[PDB]
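Next up: a single chain in structure tokens, the form deposited in one PDB entry.
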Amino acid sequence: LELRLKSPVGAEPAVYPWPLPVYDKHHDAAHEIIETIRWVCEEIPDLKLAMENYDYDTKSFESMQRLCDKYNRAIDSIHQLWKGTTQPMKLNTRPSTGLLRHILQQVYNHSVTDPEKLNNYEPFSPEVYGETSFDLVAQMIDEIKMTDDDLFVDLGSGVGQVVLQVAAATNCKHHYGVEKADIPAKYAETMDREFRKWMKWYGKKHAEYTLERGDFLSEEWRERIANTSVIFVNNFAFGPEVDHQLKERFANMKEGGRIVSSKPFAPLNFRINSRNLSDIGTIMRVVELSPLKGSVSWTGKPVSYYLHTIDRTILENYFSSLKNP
């Protein structure tokens, strides 16, 4: 027994077993199915017209299969439309924000087979797992205009969702994620396959990326970090040991290089005095990113992210001013 959904662009149908699996307390395949249909209607207006003319109950196989079938018919229909004088949909675009949210949720669901195993890290160590919200990454994408000049790195990439979202959204020459712990790195290998497959299924283009197992403190990474123009690092749980080593790594970045983190690498109020010349604040502007409305962590205050920009002008100027009355 099965349910099937035709790709709007001709890829292999998506096949779901019956009964449909549950993912967590508010995610099951039934809603995935419904939502994928909902989203393809969003991408193809004609499909939506063809689809308007309908009830459905998530628990009934016939009721579900009548929906899958109704959608599969309409796809056949649209494909016939495209053989006519009508042009195909825009052939290879970036996904809308909404579609992207769904796609990554879909990818996660099919890959992170057991979400609870992602809590099996050593507590109060740099291994602590946390997931940056899609909206936040969205904000970063919006505020940090990136081009094909840029290279992107998520240090400690988890299962890799930041990389995937950024790769979906921007045109960086390449995007990297590096993660050290087995569990998330294992899952990342699946995330990668699934993301590639789902993007093909919806016919959406994405930039190039690689999810790697490794240590971002190793020798190899020193140089790699220096060539990176944009770095995302969710370091809230790193601790001063690891933060300090990262400061050294960052000291080597090119002008205009950018780092986005959850905990600043230099105080915000930083004036360069006589005693702090060696310090990382000397070479970078640091701003707080605007909080997203209605957003409160366990800290009661809004969750903050910080943007750092390599600006050695700051240093140049303090030296220049050491030659003035």
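Residues carry their position along the shown sequence, with the first being 1. Think of the rigid core as the biggest set of C-alphas that the two forms share within 1.5 Å after superposition.
Below, we turn to the form deposited in another entry, even though it does not appear here.
In a fit on the core, which one among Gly130, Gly239, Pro88, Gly98 has a Cα that moves 2 Å or more between the shown form and the other one? Of all the options, the C-alpha that shifts by at least 2 Å belongs to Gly130.
Taking the rigid core as reference, does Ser297 move its C-alpha 2 Å or further between the shown form and the other one? Yes, the C-alpha position differs by at least 2 Å between the shown form and the other one.
Using a rigid core alignment, state whether the CA of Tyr121 is displaced by 2 Å or more between the shown form and the other one. Comparing forms between the shown form and the other one, the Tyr121 CA shifts at least 2 Å.
Hey, the CA atoms of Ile225 and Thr132 end up closer or farther in the other form than in the shown form, with the change being 3 Å or more? Farther apart, which means the C-alphas of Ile225 and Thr132 are at least 3 Å more distant in the other form.
Sense of CA distance change between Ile280 and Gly130 in the other form, threshold 3 Å: Farther apart, which means the C-alphas of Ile280 and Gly130 are at least 3 Å more distant in the other form.
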